[PDB]
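Okay, so here's just one chain, in structure tokens, the form deposited in one PDB entry.
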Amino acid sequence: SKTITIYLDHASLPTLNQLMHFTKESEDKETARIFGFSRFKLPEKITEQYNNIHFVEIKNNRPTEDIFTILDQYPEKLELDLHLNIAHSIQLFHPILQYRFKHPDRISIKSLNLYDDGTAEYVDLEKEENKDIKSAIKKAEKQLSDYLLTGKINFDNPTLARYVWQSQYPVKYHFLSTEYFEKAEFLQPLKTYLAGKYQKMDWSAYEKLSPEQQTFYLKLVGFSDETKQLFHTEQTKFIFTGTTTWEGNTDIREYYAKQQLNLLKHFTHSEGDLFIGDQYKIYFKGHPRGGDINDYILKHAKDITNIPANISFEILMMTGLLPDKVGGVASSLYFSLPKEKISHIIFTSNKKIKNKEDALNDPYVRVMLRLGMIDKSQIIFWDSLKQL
């Protein structure tokens, strides 16, 4: 065979993980890699060293048909090591299945490494609490069998079906929150089913890395000396974290931008409801997909040190540059933080949230309550804050 390592993600969290996997094999310049993100994401000085590296667009949660043309370039017997996100694994897999129908003997699936996309997986699991999980796993296993035979996507429980890959392939899951699987009693049958097949997305796996490997990795993820020097001061530090919306609508985007700026003021102004105190130097860590919402903050915010938005927050934890306090909109990043470092986590909702009972039905709120990352007395949605 040749091994083809296929990394189908572009989103911040799974890609951060997959880039570490790549870094661990980076001295091997010959092995074929396919990445589901732009060729311009990584430094060209690095990528041009790899003689069998390709970049494919992910669209509607599937690699495009370019993936067929790439694989057509490899006439040998191939074993595919797939790396993909859990929430979208079914869709991401579809073209690989389609291609394998054409080359069933020559192309085999050697392994899957499955990673949380983010919090979507958790908020989706929250909606399954009253379902019969034992039988959902069974039904999904049968329905995965049919998907592999027919290529057609049909799952009674698309959320639980994300977790049955082991019935067909060697698999390892990388979870944002292993604790969630321990603390959610309704998931005990899944926890049991998955025993020994998962690990936490840990980020100490960056210490396992050699010193030169660590340097390489920072280059891949866009972390430089200049970023490091943003943290040179001894002064205690507060990072305001931003968020985003999958929504081109200008009114929705300008809404986000203005709400976010206002939220920042409630943390940084002595008149604010969340005032953190004068001791802290203030930083901004914009959402990587935040776009013009990030510009708006940088345009209008006084007295703030920007941490470039493309730098994933967790890189701060790996490199030992975490601040003293962090606050902002609910994000996957908070799952990485020790509790004492959290100032306030703030929520958003399309429904007007009018009171505490409305709040407790929000699935994101439920996840964070289940994990004890917030308590019920303090739950804040950002539209409840006054314009400052």
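Start at 1 with the first residue shown and count on from there. Throughout, rigid core stands for the largest set of C-alpha atoms superposing within 1.5 Å between the two forms.
We do not show the form deposited in another entry, though everything after this point is about it.
With the two forms fitted on their core, the C-alpha shifts between the shown form and the other one stay under 2 Å for all of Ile96, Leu187, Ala301, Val123 except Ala301. Relative to the superposed rigid core, the position of the CA of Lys376 differs between the shown form and the other one by 2 Å or more. Taking 2 Å as the criterion, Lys139 does not count as shifted between the shown form and the other one: its C-alpha moves by less than this amount when the rigid core is aligned. With the core held fixed, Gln73 shows a CA shift below 2 Å between the shown form and the other one. Note on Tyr280 and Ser204: their C-alpha atoms are nearer in the other entry, a change of at least 3 Å from this conformation. Note on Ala120 and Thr245: their C-alpha atoms are more widely spaced in the other entry, a change of at least 3 Å from this conformation.
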